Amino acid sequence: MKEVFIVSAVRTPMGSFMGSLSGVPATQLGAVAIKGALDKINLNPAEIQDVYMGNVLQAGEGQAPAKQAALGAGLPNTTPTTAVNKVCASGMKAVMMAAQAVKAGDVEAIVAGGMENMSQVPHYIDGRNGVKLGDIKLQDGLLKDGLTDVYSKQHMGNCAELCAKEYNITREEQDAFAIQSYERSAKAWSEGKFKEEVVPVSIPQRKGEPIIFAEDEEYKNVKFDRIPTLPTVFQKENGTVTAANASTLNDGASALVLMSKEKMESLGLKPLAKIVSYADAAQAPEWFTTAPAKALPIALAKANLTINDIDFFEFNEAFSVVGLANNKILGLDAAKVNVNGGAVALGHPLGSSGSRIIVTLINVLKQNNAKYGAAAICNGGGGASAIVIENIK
């Protein structure tokens, strides 16, 4: 089978809910990330044969959100585009599907990534069927399509509490994990470890010069001394999950360029990394929290690798309890997982995070002179996706 290489990989900084990017539509954040990925390698945009963008909450973004991102990035109108929705796994599934397009022989160069502006998700009304007498409900699209389990009608955070109970993960352990994610995020930013992968967003102003948004803003929104006293927001009695040890709602995008060996060599491009293998797995919807621990072994077996062969891991931190549970189940050394921080501190724009953690993993491997890395992310409905990459030194 053809090899698939990652020749560029970038992300926007992540904005807080109703924060610095709340006025920049998801499709424009996608445009910034895609253009950034092309610009890193000075790639002629007409070399791109397809664009796959993860995007969970598409309402009100307008027709063909992935086309809007591609055209906004400067790709020509001859570029096909598709938006993909595997909830929080969307950006990773986009990369996997793009790799399959290369392996199937159909494209030599392809963009894959994800985008989300959670600040701009609308509320919904059934406007076509009148209500002759009675109150009418406007559903928050974030809660209805993003954060509520269909089958239980409960918030993802309630599923996080189920995980905490079953795997004996305490409030104190979740808080310590969260504090570590905040500390690692601030340290990696201070060390320049996000400078390579982050492409800034220019924000037009009503009057004056644009604001250049260049750094994640979520990880500064923390008061460490308040963390052990915050209320448990999903469960009144015997709860464990809080606003601080859960991830937040965020805005951001990410993008990667994938190529065949023949195409990258014809262009004189040295790859960042090779995609070794990938896999999806699923279990009961209420157990989406531990599905990454099912998906990663499948990807490892496809790679003919063992868990001991992986130098660094990126597991998306939808909740601190999710990070702790998958580490515990797989027996992972926490010093090798999310070493530059994770979503509890950095943020979590649903449709982008699955590709964002690949972007970060590439740079973690280079920063540590490592070889194999693995990334995995859970998703609503009970799923997870996982991918194994090889750093090319």
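Numbering starts at 1 and runs along the sequence shown.
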178-186 versus 210-218 - greater average Cα B-factor per the deposited record: 210-218
For the stretches 108-116 and 138-146, which has the higher mean C-alpha B-factor as given in the deposited record? 138-146
Out of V51, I41, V344, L57, which shows the largest CA B-factor listed in the entry? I41
Given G91, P76, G252, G127, the residue at which the Cα B factor reaches its maximum: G127
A370 - Cα temperature factor, lowest/middle/highest third of chain: highest
Lowest, middle or highest third of the chain for the C-alpha temperature factor of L71? lowest
Cα B factor band for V388 (lowest, middle or highest third within the chain): lowest
Can you tell me whether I34 has a C-alpha B-factor in the lowest, middle or highest third compared with the other modelled residues of the same chain? lowest
Tell me, lowest, middle or highest third: where does the Cα B factor of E47 rank within its chain? middle
